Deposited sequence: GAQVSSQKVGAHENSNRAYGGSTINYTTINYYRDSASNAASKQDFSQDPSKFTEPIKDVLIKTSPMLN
């Protein structure tokens, strides 16, 4: 039961040999997110073309 993933340049194969989850390779493939939770934390929606203060 192998895991096959595509490389960004073609595939590479990984098999997890140990049953403890801490033993695994860092699989990368980590999802990104909207930076709004740090850059736009205000209560009302910032429509950027509008004046910020009304």
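- Residues of the deposited sequence lacking C-alpha coordinates fall in a single stretch, 10-23, numbered from 1.
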